[PDB]
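Please read the structure below before turning to the comments.
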Amino acid sequence: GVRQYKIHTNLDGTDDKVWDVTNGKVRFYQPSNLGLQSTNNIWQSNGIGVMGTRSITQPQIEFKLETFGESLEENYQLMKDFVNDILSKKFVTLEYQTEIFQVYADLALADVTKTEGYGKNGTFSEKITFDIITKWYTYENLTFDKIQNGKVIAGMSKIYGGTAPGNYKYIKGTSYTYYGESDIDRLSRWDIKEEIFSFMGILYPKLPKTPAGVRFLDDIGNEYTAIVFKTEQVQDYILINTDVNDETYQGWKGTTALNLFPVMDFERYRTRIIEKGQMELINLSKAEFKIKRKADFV
Amino acid sequence: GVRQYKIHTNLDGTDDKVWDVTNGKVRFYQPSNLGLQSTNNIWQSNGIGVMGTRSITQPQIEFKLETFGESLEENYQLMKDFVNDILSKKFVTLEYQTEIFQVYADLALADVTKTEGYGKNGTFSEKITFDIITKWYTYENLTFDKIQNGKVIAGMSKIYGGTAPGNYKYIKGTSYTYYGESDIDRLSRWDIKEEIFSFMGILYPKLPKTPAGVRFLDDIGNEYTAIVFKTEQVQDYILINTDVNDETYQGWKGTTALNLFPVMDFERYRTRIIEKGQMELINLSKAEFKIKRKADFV
Amino acid sequence: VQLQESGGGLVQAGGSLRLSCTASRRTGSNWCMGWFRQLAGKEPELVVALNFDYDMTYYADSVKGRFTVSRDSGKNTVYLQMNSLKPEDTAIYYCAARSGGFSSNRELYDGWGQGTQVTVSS
Amino acid sequence: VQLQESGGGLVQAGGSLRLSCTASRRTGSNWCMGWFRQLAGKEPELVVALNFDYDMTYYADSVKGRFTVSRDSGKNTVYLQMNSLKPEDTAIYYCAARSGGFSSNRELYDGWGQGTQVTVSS
Amino acid sequence: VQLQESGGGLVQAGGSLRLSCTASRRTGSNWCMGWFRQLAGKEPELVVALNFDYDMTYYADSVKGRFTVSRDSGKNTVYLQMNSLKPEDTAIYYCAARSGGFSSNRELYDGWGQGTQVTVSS
Amino acid sequence: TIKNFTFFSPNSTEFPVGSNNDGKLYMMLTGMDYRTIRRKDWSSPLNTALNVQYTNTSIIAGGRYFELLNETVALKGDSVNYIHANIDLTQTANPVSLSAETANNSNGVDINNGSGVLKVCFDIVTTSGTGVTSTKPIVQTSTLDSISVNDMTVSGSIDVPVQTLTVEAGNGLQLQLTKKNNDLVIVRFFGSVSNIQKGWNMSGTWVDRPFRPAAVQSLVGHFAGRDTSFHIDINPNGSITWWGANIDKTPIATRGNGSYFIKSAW
């Protein structure tokens with residue numbers, strides 16, 4: 001029922017160390033603010049507001065950091081391990097779980113205090129502050145497959161053909177089959193309905209000597225951005241990551257990685273800002289995505 | 001009897017969601033200031049004040065935001081839904097109702113806090129601040145019709161004509177009729193005595209090639225601005241919205257909409273700040289206006 | 001919901017007189033037809049009423065055993081046989097009809113008449 | 001009107017017992033506050049009463065010079081100091097309040113209390 | 001469920017005492033709050049009770065005209081004001097509450113009190 | 001654009017029928033959504049240790065028909081296993097698979113209009129440490145609009161709309177009315193009546209229009225703790241007429257249940 005916080009040293013990595021900061025020996029209490037600020041750069045011209053660009057600011061999170069070691073040695077060890085575990089990574093991930101959500105925030109330590117004003121057994125009562133990187137996200141795993149419909153064959157496919165008003169037949173073992181599906185293509189597409197932070201994907205090119213990647217279309221079906229490549233050699237798969245802090249465009253051939261950025265269609269890559277609409281594959285048999293979904297407030 | 005506040009996600013819109021912030025599970029208490037500030041750019045010449053231009057400033061409204069959910073789950077849900085409903089729109093509308101008025105304010109979220117310092121059932125007690133876009137307005141609907149007086153006809157019209165001291169007569173079925181009205185033109189004009197944030201208008205053009213629209217005259221009877229269009233074909237009607245944040249100039253012929261921006265007189269549309277005086281029609285038979293009235297204080 | 005007020009006029013104290021009233025239509029169940037009395041410029045008050053559906057009568061204590069209300073077939077006509085008349089009984093007698101039983105309130109009556117004047121001479 | 005009755009009990013051959021009555025509101029002019037005693041073998045009696053607007057008291061002949069009614073100056077509360085209690089005065093005394101002066105009829109009183117048992121011991 | 005008793009203590013024969021009882025919640029319809037008493041090492045008996053939903057009281061013949069049960073309006077509080085207290089009434093008064101009306105059976109009561117002692121000398 | 005299916009294709013190229021088009025057609029004919037199934041065991045499934053063998057079961061999930069012919073599902077011991085049919089259209093050779101899960105993980109995924117794997121629970125199989133102890137099927141829901149029927153048999157229950165109204169009829173009388181199916185009303189009397197005469201209209205609120213009957217309704221009541229009774233008439237116009245004896249200043253508690261129909265034969 002009650003809310004749960006956890007600090008992950010590497011969310012979704014095999015080496016992930018999890019500190020239960022709700023029930024463990026190191027706990028977080030009283031987040032300063034899990035809210036936000038907004039500006040619309042409004043100018044009043046005698047009370048009449050003139051709206052400008054809207055911008056969100058995520059405030060830093062300060063927590064009360066308390067230790068529950070049963071001795072001086074244990075409490076010194078808990079402080080040292082917790083802080084150095086945070087300090088050893090580029091960023092750390094806070095898990096925020098309630099009965100209605102299980103969300104994450106990528107954070108970077110801004111400050112930590114260390115004093116001597118000990119309670120029983122030398123327990124710590126300090127302040128920890130984090131700079132926000134990505135506040136409130138979840139991961140969504142999506143697979144896109146380029147499936148082609150079969151052909152329509154008179155005598156096999158379900159269709160009312162022939163002499164008027166048309167017919168099909170049940171013929172043991174050949175009877176009627178379904179040619180395909182209307183919009184089979186939908187299975188290779190991302191139907192974008194929500195805000196995202198970024199995405200990461202593994203692209204499997206189809207035809208050789210042909211550019212491959214993905215394109216993004218707005219609500220009226222017009223292309224507004226795309227990540228497309230033209231490599232000299234065929235790649236087993238291409239890995240992409242639009243995360244501003246871990247941005248990657250690399251082709252893999254066997255166990256060899258190559259930076260494919262110099263070979264991207266820069267003119268087509270207009271923006272990284274993904275709008276509502278849909279993503280289509282470009283010369284790919286399959287694509288596997290890990291999308292970083294976004295929520296400014298939870 | 002008591003005052004009522006409501007948050008509209010889309011006032012006068014078909015998809016409007018209303019949060020009753022007076023009687024609902026999410027309530028607003030203690031507005032920081034519903035007052036205002038004024039400046040007349042006064043500077044003192046040995047105590048003697050020298051007045052300049054008068055300007056009003058509308059301060060931000062900060063409210064105490066309280067949730068009344070019967071559980072932690074309900075309260076988390078309430079906060080998340082309320083905040084994201086505000087965050088999903090360009091702006092939101094606060095309805096302020098008493099026994100003497102029912103007024104509106106177009107607001108943009110400036111900040112919202114989210115903490116953990118729960119009362120019974122995990123209820124929230126937070127702070128929400130709004131930036132003012134359009135503070136205190138009401139809509140006024142006005143119709144302007146181009147009516148012409150009849151002619152004065154000796155033997156028909158009420159006038160004391162003929163030999164001194166003049167006369168008229170009662171003649172069965174022809175008797176006396178009233179020629180017209182003094183200032184019949186008043187019915188095709190807006191007599192502007194108050195301040196306005198903006199207006200919406202449906203204009204009905206008469207003649208084909210001649211420009212069509214409206215003109216604004218000041219208190220001394222001089223034209224200072226006009227919204228006018230020169231279309232190739234007579235439009236059934238023209239839609240105009242002068243709101244600085246959402247303007248529109250669209251003509252309608254049949255089921256065809258036309259953007260009138262290319263055909264607007266960019267020389268004559270000098271200002272959207274409507275002064276006291278009067279608005280006259282230009283080659284219009286009729287005009288229907290929805291005026292967004294302005295009240296700095298209520 | 002129109003009303004006719006037949007009968008009424010001049011008679012001596014201790015004598016006898018009658019009143020007739022016919023309603024155009026009945027507004028519903030618990031159909032009550034009767035008369036409201038208005039003495040010496042005072043407030044009008046219900047004195048005699050008959051519940052058609054229940055065949056139950058109401059008489060105010062002041063007129064008990066003196067007045068008798070009767071019904072004529074299914075004509076929706078009510079008669080007031082006023083015997084042993086008094087000078088206090090000199091009042092303007094309006095015909096009242098309603099659906100929902102007996103009531104002291106004027107507004108609750110669906111049908112209100114013109115009013116026939118009763119003059120008990122001395 | 002709601003009367004908040006306080007005090008009573010039993011006392012030996014007469015004397016002090018506490019007796020108090022407070023009215024929630026005033027019904028009007030000629031505002032009175034007093035006590036009524038019900039008799040078994042006799043009838044309910046108007047024992048003591050006080051006219052607030054006239055500062056005039058009423059005492060029944062049976063309690064004259066023994067019972068004294070007093071008023072709280074600014075609180076609309078009435079007290080009864082009953083001394084030299086005789087076994088005849090054995091009764092439950094119900095506090096009463098009204099607008100219109102003193103009255104024998106219990107139905108004219110706008111405010112009527114739950115009562116206070118007073119028993120004389122010989 | 002939970003009950004909070006008050007009052008009790010000592011008083012001489014012919015005197016007066018008061019009991020107070022508050023229930024945390026109501027168990028349902030026909031909500032009854034009263035008192036039970038065990039006199040001279042004998043089986044308990046429902047002395048007094050009040051039906052909240054019907055505003056109907058029950059008094060055992062032994063306490064009729066002496067004991068009076070009252071409710072504290074909107075609150076779930078019951079008061080017992082006893083007069084003419086006799087030494088046979090010297091017993092421990094247990095407050096009882098239930099849904100389903102009056103009952104002599106102790107088991108049928110949803111709420112039972114700790115007990116308040118009433119002592120009266122000869 | 002209009003996409004036609006159940007029509008003549010003169011060149012055998014015009015209106016081919018896709019599996020998703022038939023899926024939607026079937027869903028519409030039966031009145032099913034993506035959160036239910038159509039299921040029939042033509043022969044009984046067989047339980048062997050911690051396994052359920054579907055011998056011959058047909059299932060319709062998302063309008064897609066398939067058959068389980070000697071298809072065994074391995075179960076978790078000492079557990080409530082939720083048997084699911086999972087549909088992944090990208091697995092062209094084998095689009096359907098079965099799973100035994102710890103919870104009902106039905107996801108309502110629209111496989112006929114979008115991407116994704118449809119998961120729909122159809123069976124609940126409870127096990128001991130050694131085998132199956134019980135099996136319960138998931139309910140097959142029919143979502144319908146307007147039904148015209150001759151006869152119906154209900155083994156469970158019919159849930160109909162309920163409306164309630166409290167009327168302070170006047171003179172201390174309170175009616176608590178419960179209307180079901182917009183026709184049957186049960187009136188429960190409360191309060192205590194005083195200062196009323198036989199044939200007199202009660203001094204308070206009239207019955208709201210939605211609870212008014214087409215014809216006058218006489219409802220019998222009782223006086224609590226007495227051997228006396230009364231009746232009131234709820235008139236079509238909304239008014240309430242007292243038909244008990246005359247009541248004085250002392251109120252007597254009024255109770256009792258009375259029923260009436262709002263609608264007559266029409």
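Identifiers in this document derive from the order of the structure tokens: chains are assigned A, B, ..., residues are numbered from 1 separately in each chain, and ligands are numbered from 1 in order of occurrence.
All C-alpha atoms of chain E, paired in order with those of chain C and superposed by least squares, deviate by 0.5 Å RMSD.
If you lay chain A over chain B with a least-squares fit on the Cα atoms, the RMSD you get is 1.6 Å.
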Inset, instruction - Kindly indicate which residue among E:51, E:104, E:30, E:84 lies nearest to residue 69 in chain E, using only C-alpha atoms for the distances. - result: E:51
Inset, instruction - Write out as number ranges by chain each polymer residue whose atoms come within 12 Å of residue 97 in chain C, counting only C-alpha atoms; drop sequence neighbours fewer than 4 positions from it. - result: C: 1-4, 21-36, 46, 48-52, 76-78, 101-103, 105-113
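Near chain A, the residues of chain B that fall inside 7 Å (using only C-alpha atoms) are residues 55, 56, 57, 58, 73, 80, 84, 109, 110, 111, 112, 113, 114, 115, 116, 132, 133, 134, 197, 244 and 245 of chain B.
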With N, CA, C and O atoms retained, could you export that selection as a compact mmCIF listing (two decimals), in the first residue's frame?
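Once everything was written out, this is result-v3.txt:
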# COMPACT_ATOMS: atom_id res chain seq x y z
N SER B 55 -1.07 51.76 -16.60
CA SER B 55 -0.90 50.35 -16.93
C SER B 55 -1.29 49.48 -15.74
O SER B 55 -0.95 49.80 -14.61
N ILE B 56 -2.00 48.38 -15.99
CA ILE B 56 -2.41 47.42 -14.97
C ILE B 56 -1.53 46.19 -15.07
O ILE B 56 -1.15 45.80 -16.17
N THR B 57 -1.20 45.58 -13.93
CA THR B 57 -0.47 44.33 -13.83
C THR B 57 -1.32 43.38 -12.99
O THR B 57 -1.73 43.72 -11.89
N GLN B 58 -1.62 42.21 -13.53
CA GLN B 58 -2.39 41.19 -12.83
C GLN B 58 -1.43 40.20 -12.16
O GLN B 58 -0.63 39.58 -12.87
N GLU B 73 -4.41 5.45 -2.68
CA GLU B 73 -4.64 5.20 -4.10
C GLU B 73 -5.48 6.31 -4.72
O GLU B 73 -5.06 6.91 -5.70
N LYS B 80 -2.57 13.19 -9.81
CA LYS B 80 -2.09 12.81 -11.14
C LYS B 80 -3.08 13.25 -12.23
O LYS B 80 -2.66 13.88 -13.21
N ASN B 84 -2.30 16.54 -14.70
CA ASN B 84 -2.12 16.21 -16.11
C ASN B 84 -3.23 16.73 -16.99
O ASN B 84 -3.00 16.92 -18.18
N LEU B 109 -0.52 27.12 -15.81
CA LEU B 109 0.17 26.57 -14.65
C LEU B 109 1.60 27.14 -14.59
O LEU B 109 2.28 27.18 -15.61
N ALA B 110 2.00 27.67 -13.43
CA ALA B 110 3.32 28.26 -13.22
C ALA B 110 4.16 27.26 -12.39
O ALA B 110 5.36 27.05 -12.67
N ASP B 111 3.51 26.61 -11.40
CA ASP B 111 4.12 25.59 -10.56
C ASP B 111 3.09 24.84 -9.75
O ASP B 111 1.99 25.32 -9.51
N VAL B 112 3.46 23.63 -9.38
CA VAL B 112 2.69 22.72 -8.55
C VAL B 112 3.72 21.93 -7.73
O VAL B 112 4.78 21.58 -8.26
N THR B 113 3.44 21.75 -6.44
CA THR B 113 4.32 20.98 -5.56
C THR B 113 3.72 19.60 -5.38
O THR B 113 2.51 19.42 -5.55
N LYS B 114 4.56 18.63 -5.06
CA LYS B 114 4.13 17.28 -4.70
C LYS B 114 5.07 16.81 -3.63
O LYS B 114 6.29 16.76 -3.83
N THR B 115 4.50 16.54 -2.44
CA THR B 115 5.27 16.11 -1.27
C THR B 115 4.66 14.87 -0.61
O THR B 115 3.72 14.26 -1.13
N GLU B 116 5.23 14.49 0.53
CA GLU B 116 4.81 13.38 1.37
C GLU B 116 4.76 13.90 2.79
O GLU B 116 5.80 14.07 3.44
N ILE B 132 -1.35 34.50 -15.20
CA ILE B 132 -2.51 35.14 -15.80
C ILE B 132 -2.29 35.32 -17.29
O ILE B 132 -1.25 35.84 -17.68
N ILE B 133 -3.27 34.97 -18.09
CA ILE B 133 -3.27 35.22 -19.54
C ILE B 133 -4.34 36.30 -19.76
O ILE B 133 -4.04 37.39 -20.22
N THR B 134 -5.57 36.00 -19.34
CA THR B 134 -6.75 36.85 -19.51
C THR B 134 -7.56 36.78 -18.22
O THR B 134 -8.24 35.80 -17.95
N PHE B 197 -10.92 42.31 -24.36
CA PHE B 197 -9.71 41.53 -24.53
C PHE B 197 -9.56 41.21 -26.05
O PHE B 197 -8.46 41.27 -26.60
N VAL B 244 -5.19 37.50 -29.48
CA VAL B 244 -3.75 37.48 -29.79
C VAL B 244 -3.13 36.10 -29.83
O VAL B 244 -2.18 35.89 -30.57
N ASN B 245 -3.67 35.17 -29.04
CA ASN B 245 -3.14 33.82 -28.91
C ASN B 245 -3.75 32.83 -29.86
O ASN B 245 -3.04 31.98 -30.37
